[PDB]
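Novice: sequence first, structure after; it's an experimental one.
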Amino acid sequence: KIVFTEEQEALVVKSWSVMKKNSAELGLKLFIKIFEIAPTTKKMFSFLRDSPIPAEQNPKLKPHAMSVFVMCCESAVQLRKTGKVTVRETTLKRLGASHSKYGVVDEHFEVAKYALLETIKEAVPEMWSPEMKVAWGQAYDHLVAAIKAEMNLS
Ligand code: HEM
């Protein structure tokens, strides 16, 4: 259980409500960053319907990137309310299984975090601050800690 004030929830929730308006562009930007920092991640998205696809063309990118934002936002709300992330067990186990199936490791989560933080920094420059950065980072960290615990565990 951590301290997470409603001020902190509000930074995440309010910035997301702004960014949500251009979420198509934003999700693309997120993956373009990740793909640049670590091109090996491209091959996690290089096959669609049992056939090669260039990873940037993959229709799962935008809903995937959307998921990252939405679930961090939900996690911010949960942290403030309960001091922890709680994802219904079955969905969490599935999230664990899905990521480990695709060979996602710590470094990928670290690269995505850095990329997520930079995309936010650039999407909402007049809301950006060290505390904004802490609030999204904390939400991401705890979400990923929960998913990881189902990647380690069987
Ligand atoms: C906050 C962290 C993350 C969240 C919330 C998230 C969200 C999701 C969701 C909802 C799915 C679909 C799960 C399913 O239907 O079983 C998924 C699958 C996937 N994710 Fe993530 N993800 C995260 C981090 C990452 C990272 C860092 C990578 C690698 C760069 C990654 C790569 C993948 C891959 C390869 C799949 C499988 C997609 C497919 O089935 O074609 N994820 N993720």
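Specialist: Cool, the structure landed. Numbers count the residues shown, from 1 in each chain.

Novice: for the chain, which residues are neighbours of the ligand?
Specialist: For the chain, the residues in contact with the ligand under the definition C-beta under 6 Å from any ligand atom are 34, 41, 44, 60, 64, 67-68, 71, 94-95, 98-99, 102, 104, 108-109, 112, 140, 143-144. Quick note: C-beta positions are derived from backbone N, CA and C, even for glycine.

Novice: roughly how far apart are the residue located most distally from the centre of the chain and residue 120?
Specialist: Going by C-alpha atoms, centre = their mean, the residue of the chain most distant from its centre is residue 51, 26.4 Å out. Separation of residue 51 from residue 120 (C-beta to C-beta, to the nearest Å) stands at 34 Å.

Novice: so residue 147 makes contact with residue 95?
Specialist: Yes - with the criterion set as C-beta atoms under 8 Å, residue 147 and residue 95 qualify as a contacting pair; they are 5.0 Å apart.

Novice: anything in contact with each of those two?
Specialist: In terms of C-beta atoms under 8 Å, 6 or more residues apart in numbering, residue 147 and residue 95 are both contacted by the residues residue 87.

Novice: tell me who's in contact with the spatially most central residue of the chain.
Specialist: Nearest to the mean C-alpha position of the chain, counting by C-alpha atoms, centre = their mean, stands residue 68 at 3.0 Å. Remark: with contacts taken as C-beta under 8 Å, 6+ apart, residue 68 is in contact with 30, 112, 116.

Novice: who wins for neighbours among those?
Specialist: With neighbours set by other C-beta atoms under 10 Å, the maximum within these is found at residue 30, which has 25 neighbours.

Novice: am I right that it is in a helix?
Specialist: Yes - checked against DSSP: H, G, I helix; E, B strand; the rest coil, residue 30 lies within a helix.
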